[PDB]
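File shown: upload24.tsv. Contents: TSV, C-alpha atoms.
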chain	number	residue	atom	x	y	z
A	7	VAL	CA	104.53	94.79	79.66
A	8	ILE	CA	104.24	98.40	81.00
A	9	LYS	CA	107.28	100.61	81.12
A	10	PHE	CA	107.69	104.16	82.45
A	11	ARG	CA	110.69	106.35	83.26
A	12	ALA	CA	111.54	105.96	87.01
A	13	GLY	CA	114.52	106.47	89.29
A	14	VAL	CA	115.77	104.56	92.39
A	15	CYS	CA	114.76	106.02	95.69
A	16	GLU	CA	115.88	105.31	99.26
A	17	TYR	CA	113.92	103.19	101.67
A	18	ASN	CA	114.05	103.68	105.40
A	19	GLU	CA	112.76	102.00	108.38
A	20	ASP	CA	114.05	104.85	110.58
A	21	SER	CA	111.19	107.42	109.97
A	22	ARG	CA	110.48	106.46	106.43
A	23	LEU	CA	112.29	109.53	104.90
A	24	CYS	CA	111.57	108.51	101.26
A	25	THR	CA	113.02	111.42	99.19
A	26	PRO	CA	114.57	110.44	95.85
A	27	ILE	CA	118.33	110.03	95.24
A	28	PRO	CA	117.46	111.10	91.91
A	29	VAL	CA	119.13	109.16	89.10
A	30	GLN	CA	117.43	108.48	85.81
A	31	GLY	CA	116.43	105.05	84.53
A	32	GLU	CA	113.20	103.05	84.08
A	33	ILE	CA	111.05	100.53	85.61
A	34	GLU	CA	109.87	97.79	83.41
A	35	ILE	CA	106.93	95.69	84.79
A	36	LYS	CA	106.43	92.15	83.50
A	37	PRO	CA	103.01	91.13	84.51
A	38	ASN	CA	104.02	87.35	84.46
A	39	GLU	CA	101.52	84.53	85.00
A	40	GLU	CA	103.63	82.21	87.22
A	41	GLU	CA	101.27	80.56	89.79
A	42	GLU	CA	98.41	81.91	91.68
A	43	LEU	CA	100.29	84.92	93.09
A	44	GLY	CA	101.29	86.29	89.71
A	45	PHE	CA	104.79	87.26	90.72
A	46	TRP	CA	104.91	90.42	88.62
A	47	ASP	CA	108.61	91.35	88.15
A	48	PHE	CA	109.62	94.98	88.67
A	49	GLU	CA	113.01	95.22	86.99
A	50	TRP	CA	114.78	98.59	87.63
A	51	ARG	CA	117.60	99.65	85.41
A	52	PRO	CA	119.77	102.71	85.45
A	53	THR	CA	120.50	104.40	82.07
A	54	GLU	CA	122.39	107.49	83.25
A	55	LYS	CA	123.36	109.45	86.37
A	56	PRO	CA	125.56	107.41	88.74
A	57	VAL	CA	125.18	110.13	91.35
A	58	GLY	CA	123.97	108.87	94.74
A	59	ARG	CA	123.27	105.09	95.32
A	60	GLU	CA	122.78	103.81	91.79
A	61	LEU	CA	121.51	100.33	92.61
A	62	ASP	CA	122.76	97.68	90.13
A	63	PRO	CA	119.61	96.03	88.52
A	64	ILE	CA	117.46	93.74	90.72
A	65	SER	CA	114.17	92.14	89.84
A	66	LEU	CA	111.62	92.12	92.54
A	67	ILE	CA	108.79	89.69	92.74
A	68	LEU	CA	105.27	90.68	93.92
A	69	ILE	CA	104.35	88.67	97.03
A	70	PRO	CA	100.71	89.69	97.87
A	71	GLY	CA	99.92	90.96	101.41
A	72	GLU	CA	103.27	92.26	102.41
A	73	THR	CA	103.48	94.90	99.77
A	74	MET	CA	101.46	97.98	99.96
A	75	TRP	CA	100.69	101.12	97.88
A	76	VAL	CA	100.20	104.57	99.41
A	77	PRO	CA	100.91	107.48	96.87
A	78	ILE	CA	102.91	109.48	99.45
A	79	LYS	CA	104.71	107.93	102.41
A	80	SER	CA	105.80	111.02	104.28
A	81	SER	CA	104.38	113.76	101.97
A	82	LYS	CA	107.88	114.90	101.17
A	83	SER	CA	107.50	113.57	97.77
A	84	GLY	CA	104.65	111.99	95.95
A	85	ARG	CA	104.84	109.24	93.37
A	86	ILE	CA	106.11	106.63	95.86
A	87	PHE	CA	106.06	103.36	94.15
A	88	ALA	CA	105.99	100.95	97.11
A	89	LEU	CA	107.22	97.46	97.47
A	90	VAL	CA	107.15	96.96	101.15
A	91	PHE	CA	109.10	93.96	102.52
A	92	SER	CA	110.44	95.44	105.77
A	93	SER	CA	114.12	95.39	104.81
A	94	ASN	CA	114.27	92.16	102.96
A	95	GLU	CA	113.68	92.84	99.34
A	96	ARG	CA	112.55	96.45	100.16
A	97	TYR	CA	113.89	98.81	97.46
A	98	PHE	CA	111.79	101.67	96.29
A	99	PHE	CA	111.18	103.49	93.01
A	100	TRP	CA	109.99	106.94	92.48
A	101	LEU	CA	108.11	107.52	89.12
A	102	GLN	CA	109.88	110.14	87.08
A	103	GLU	CA	107.44	109.75	84.22
A	104	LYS	CA	106.37	112.66	81.96
A	105	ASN	CA	102.69	113.67	82.63
A	106	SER	CA	103.18	117.35	83.37
A	107	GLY	CA	106.88	116.96	83.96
A	108	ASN	CA	109.06	114.37	85.67
A	109	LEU	CA	108.73	116.30	89.02
A	110	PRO	CA	107.57	115.14	92.42
A	111	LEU	CA	103.82	115.60	92.62
A	112	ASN	CA	101.41	114.58	95.39
A	113	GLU	CA	98.75	111.92	94.92
A	114	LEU	CA	100.90	110.34	92.11
A	115	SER	CA	101.00	111.68	88.51
A	116	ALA	CA	99.00	114.45	86.90
A	117	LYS	CA	97.22	111.91	84.80
A	118	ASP	CA	95.57	110.82	88.15
A	119	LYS	CA	93.10	108.26	86.92
A	120	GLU	CA	95.56	106.62	84.53
A	121	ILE	CA	98.16	105.84	87.13
A	122	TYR	CA	95.76	104.66	89.97
A	123	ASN	CA	94.43	102.06	87.55
A	124	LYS	CA	98.00	100.74	86.95
A	125	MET	CA	98.67	100.42	90.64
A	126	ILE	CA	95.63	98.22	91.28
A	127	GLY	CA	96.34	96.17	88.29
A	128	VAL	CA	99.94	95.25	89.03
A	129	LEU	CA	100.19	95.30	92.82
A	130	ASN	CA	96.80	94.21	94.21
A	131	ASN	CA	95.81	91.52	91.59
A	132	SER	CA	97.52	88.19	91.26
A	133	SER	CA	97.42	86.30	87.96
B	795	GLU	CA	75.28	123.37	38.91
B	796	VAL	CA	72.55	124.87	41.03
B	797	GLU	CA	71.73	127.74	38.57
B	798	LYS	CA	71.55	125.32	35.57
B	799	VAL	CA	68.62	123.51	37.08
B	800	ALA	CA	66.86	126.58	38.75
B	801	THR	CA	66.64	128.39	35.31
B	802	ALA	CA	65.33	125.14	33.80
B	803	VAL	CA	62.04	124.97	35.63
B	804	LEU	CA	61.13	128.65	35.56
B	805	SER	CA	61.54	129.10	31.71
B	806	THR	CA	59.16	126.22	30.89
B	807	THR	CA	56.28	127.81	32.81
B	808	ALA	CA	56.73	131.14	31.13
B	809	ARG	CA	56.46	129.58	27.55
B	810	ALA	CA	53.28	127.72	28.38
B	811	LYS	CA	51.48	131.05	29.21
B	812	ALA	CA	49.64	131.82	25.98
B	813	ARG	CA	47.85	128.39	25.97
B	814	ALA	CA	47.53	128.53	29.73
B	815	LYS	CA	45.02	131.59	30.17
B	816	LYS	CA	41.98	129.46	28.95
B	817	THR	CA	43.35	126.13	30.41
B	818	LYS	CA	43.45	127.69	33.85
B	819	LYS	CA	39.59	128.19	33.98
B	820	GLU	CA	39.02	124.43	33.43
B	821	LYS	CA	41.94	123.62	35.78
B	822	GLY	CA	40.42	125.21	38.85
B	823	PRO	CA	37.22	123.02	38.98
B	824	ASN	CA	38.98	119.78	38.00
B	825	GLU	CA	41.03	120.02	41.17
B	826	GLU	CA	37.91	120.46	43.34
B	827	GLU	CA	36.14	117.55	41.40
B	828	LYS	CA	39.00	115.05	41.19
B	829	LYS	CA	41.91	115.59	43.58
B	830	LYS	CA	44.79	117.85	44.63
B	831	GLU	CA	48.41	117.50	44.88
B	832	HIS	CA	48.92	118.12	48.67
B	833	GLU	CA	47.77	121.72	49.12
B	834	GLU	CA	44.33	123.42	48.87
B	835	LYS	CA	45.58	126.94	48.54
B	836	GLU	CA	45.30	128.28	44.93
B	837	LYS	CA	47.21	126.24	42.76
B	838	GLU	CA	50.65	127.35	43.98
B	839	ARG	CA	53.71	125.99	42.20
B	840	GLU	CA	57.37	125.39	42.55
B	841	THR	CA	59.89	128.21	42.31
B	842	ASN	CA	63.39	126.60	42.71
B	843	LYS	CA	66.18	127.97	44.85
B	844	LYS	CA	69.47	129.29	43.57
B	845	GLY	CA	73.03	128.71	44.70
B	846	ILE	CA	74.72	131.52	46.68
B	847	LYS	CA	77.84	130.34	48.53
B	848	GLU	CA	79.52	133.62	49.72
B	849	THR	CA	78.39	136.02	52.54
B	850	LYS	CA	80.18	139.23	51.77
B	851	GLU	CA	81.19	142.06	54.05
B	852	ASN	CA	79.93	145.53	53.26
B	853	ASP	CA	82.11	148.71	54.01
B	854	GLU	CA	82.13	151.18	56.75
B	855	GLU	CA	79.95	154.26	56.89
B	856	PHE	CA	82.13	156.01	59.43
B	857	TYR	CA	85.75	156.72	58.62
B	858	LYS	CA	85.98	159.33	61.27
B	859	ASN	CA	85.72	156.57	63.85
B	860	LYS	CA	86.58	153.05	62.73
B	861	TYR	CA	86.67	152.22	66.39
B	862	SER	CA	83.53	154.11	67.49
B	863	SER	CA	83.67	155.04	71.12
B	864	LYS	CA	81.18	152.41	72.28
B	865	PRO	CA	82.41	149.47	74.42
B	866	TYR	CA	82.87	146.08	72.94
B	867	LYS	CA	84.40	143.02	74.70
B	868	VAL	CA	87.59	141.74	73.16
B	869	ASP	CA	88.88	138.42	74.43
B	870	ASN	CA	92.40	137.77	75.36
B	871	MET	CA	94.40	135.67	72.67
B	872	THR	CA	92.75	137.24	69.59
B	873	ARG	CA	93.77	139.24	66.45
B	874	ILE	CA	94.69	142.71	67.64
B	875	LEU	CA	95.26	145.35	64.86
B	876	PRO	CA	97.28	148.29	66.34
B	877	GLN	CA	94.17	150.68	66.33
B	878	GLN	CA	92.36	148.51	68.96
B	879	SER	CA	95.50	148.35	71.24
B	880	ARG	CA	95.10	152.09	72.15
B	881	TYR	CA	91.66	151.56	73.59
B	882	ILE	CA	92.50	148.16	75.35
B	883	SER	CA	92.10	148.65	79.00
B	884	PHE	CA	92.40	145.73	81.46
B	885	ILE	CA	89.43	145.60	83.77
B	886	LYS	CA	89.50	145.40	87.49
B	887	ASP	CA	86.52	143.05	87.66
B	888	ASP	CA	88.91	140.33	86.92
B	889	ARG	CA	91.70	139.24	89.29
B	890	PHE	CA	94.17	140.18	86.54
B	891	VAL	CA	95.43	143.79	86.49
B	892	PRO	CA	98.66	145.06	84.75
B	893	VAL	CA	101.81	145.39	86.84
B	894	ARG	CA	102.56	148.88	85.47
B	895	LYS	CA	100.51	150.87	82.91
B	896	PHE	CA	99.61	149.09	79.68
B	897	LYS	CA	101.74	150.25	76.63
B	898	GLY	CA	98.79	150.93	74.26
B	899	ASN	CA	100.52	148.54	71.92
B	900	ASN	CA	100.15	144.81	71.29
B	901	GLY	CA	102.67	142.46	72.79
B	902	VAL	CA	103.53	140.08	75.72
B	903	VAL	CA	102.16	141.74	78.78
B	904	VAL	CA	102.57	140.39	82.25
B	905	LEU	CA	99.87	140.87	84.83
B	906	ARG	CA	99.59	140.67	88.55
B	907	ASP	CA	97.20	138.17	89.77
B	908	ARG	CA	95.42	138.99	92.97
B	909	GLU	CA	94.05	135.50	93.40
B	910	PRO	CA	96.08	132.82	91.83
B	911	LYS	CA	94.69	130.33	94.38
B	912	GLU	CA	91.35	130.23	92.59
B	913	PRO	CA	91.00	127.85	89.48
B	914	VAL	CA	91.04	129.55	86.18
B	915	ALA	CA	91.70	127.62	82.97
B	916	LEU	CA	94.96	128.20	81.48
B	917	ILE	CA	96.14	127.90	77.96
B	918	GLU	CA	98.69	125.37	77.25
B	919	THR	CA	101.74	126.17	74.99
B	920	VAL	CA	102.81	123.70	72.42
B	921	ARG	CA	105.53	122.53	74.67
B	922	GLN	CA	103.22	121.75	77.51
B	923	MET	CA	101.08	119.33	75.35
B	924	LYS	CA	103.98	117.22	74.47
B	925	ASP	CA	104.95	116.49	78.16

Show the structure stored in the file as structure tokens.
Amino acid sequence: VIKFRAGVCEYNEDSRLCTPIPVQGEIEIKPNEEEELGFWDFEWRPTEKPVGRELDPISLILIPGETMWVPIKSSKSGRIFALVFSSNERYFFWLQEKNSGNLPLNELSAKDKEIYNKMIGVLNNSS
Amino acid sequence: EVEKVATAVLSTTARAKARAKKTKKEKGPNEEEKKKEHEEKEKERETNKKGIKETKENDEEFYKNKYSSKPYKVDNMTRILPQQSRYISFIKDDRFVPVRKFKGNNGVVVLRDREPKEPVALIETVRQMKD
């Protein structure tokens, strides 16, 4: 199980604005093993900061071929953790992890290699 | 420990001397006739090496200048005794040039960077490492 500090972030189909509504919480990834698709559960939890749209916890399953990873999405903010579902289960997270700070930074985190490896492992692969 | 065993070897050879003057005449040929140890020069022997652990500083010869007048390069982030600080001048060859004049004293000094868009390594504070 891989945890890092993350916030909730808004999703849009309008123009794909994708700027964080900042909070503070975590994402906690269970890699799972259930069937051939893996179904890795991304459970988001708030721990402080009700300000904005808090988003009560919801676990989101990884369905492969509908979800997608791109580190930016409109180059307003980097670190766009993407679970694409086209307004079904679509809720976004924005890593807020400490690697040079919790800041927005383009092409994900400052520890560049570290975090690309995680994305391929969780998102693209199926257990 | 080193001196104990260096003194050991040397003293034994000295004692043997008086017998040795006449021995040494027979010894020369018997090496050519029979065999030699691993060298064919003389007979040369062991000497032993002594233990010296400390590399001491001498003292100055010039007290009139203890700071010469010649150039020397002094790196940023180093021990800076107040005598040096007077002759520190920031060089233009670098991007980095002082905002005002330099005080001639040690301290936190802020510089104007003409090209901050070019990669230079930077030195992380303690606080940075922990993030």

Q | Residues within 7 Å of (105.0, 111.2, 90.1), counting all atoms listed in the file, listed as a count of residues only | A | 12

Q: Pick out the residues sitting within 10 Å of residue A:92, and hand them over as a list in words; count all atoms listed in the file, and ignore anything fewer than 2 positions along from it in its own chain.
A: residues 17, 18, 19, 72, 73, 89, 90, 94, 95, 96 and 97 of chain A

Go ahead and dump the residues you just picked, C-alpha atoms, as a CSV table (one decimal), in the coordinates of the input.
chain,number,residue,atom,x,y,z
A,17,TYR,CA,113.9,103.2,101.7
A,18,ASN,CA,114.0,103.7,105.4
A,19,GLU,CA,112.8,102.0,108.4
A,72,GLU,CA,103.3,92.3,102.4
A,73,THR,CA,103.5,94.9,99.8
A,89,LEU,CA,107.2,97.5,97.5
A,90,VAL,CA,107.2,97.0,101.2
A,94,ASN,CA,114.3,92.2,103.0
A,95,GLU,CA,113.7,92.8,99.3
A,96,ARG,CA,112.6,96.4,100.2
A,97,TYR,CA,113.9,98.8,97.5

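Near residue A:28, within a cut-off of 9 Å and counting only C-alpha atoms, sit the residues residues 13, 14, 15, 25, 55, 57, 58 and 100 of chain A, with same-chain residues fewer than 3 positions away left out.
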
Q.
Taking only C-alpha atoms into account, find every residue of chain B that has an atom no more than 10 Å from chain A, and write it out as a list in words.
A.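 Only these qualify: residues 922, 923, 924 and 925 of chain B.
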
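The two atoms in question, atom CA of residue B:911 and atom CA of residue A:77, are spaced 23.8 Å apart.
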
Q) Can you tell me how far atom CA of residue A:86 sits from atom CA of residue A:112, in Å to one decimal? A)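 Between atom CA of residue A:86 and atom CA of residue A:112 the gap works out to 9.2 Å.
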
Q: Excluding residue B:801 and residues on its chain fewer than 2 positions from it, collect all residues at most 10 Å away from it, counting all atoms listed in the file, and give them as a PyMOL selection string.
A: chain B and resi 796-799+803-806+841-844
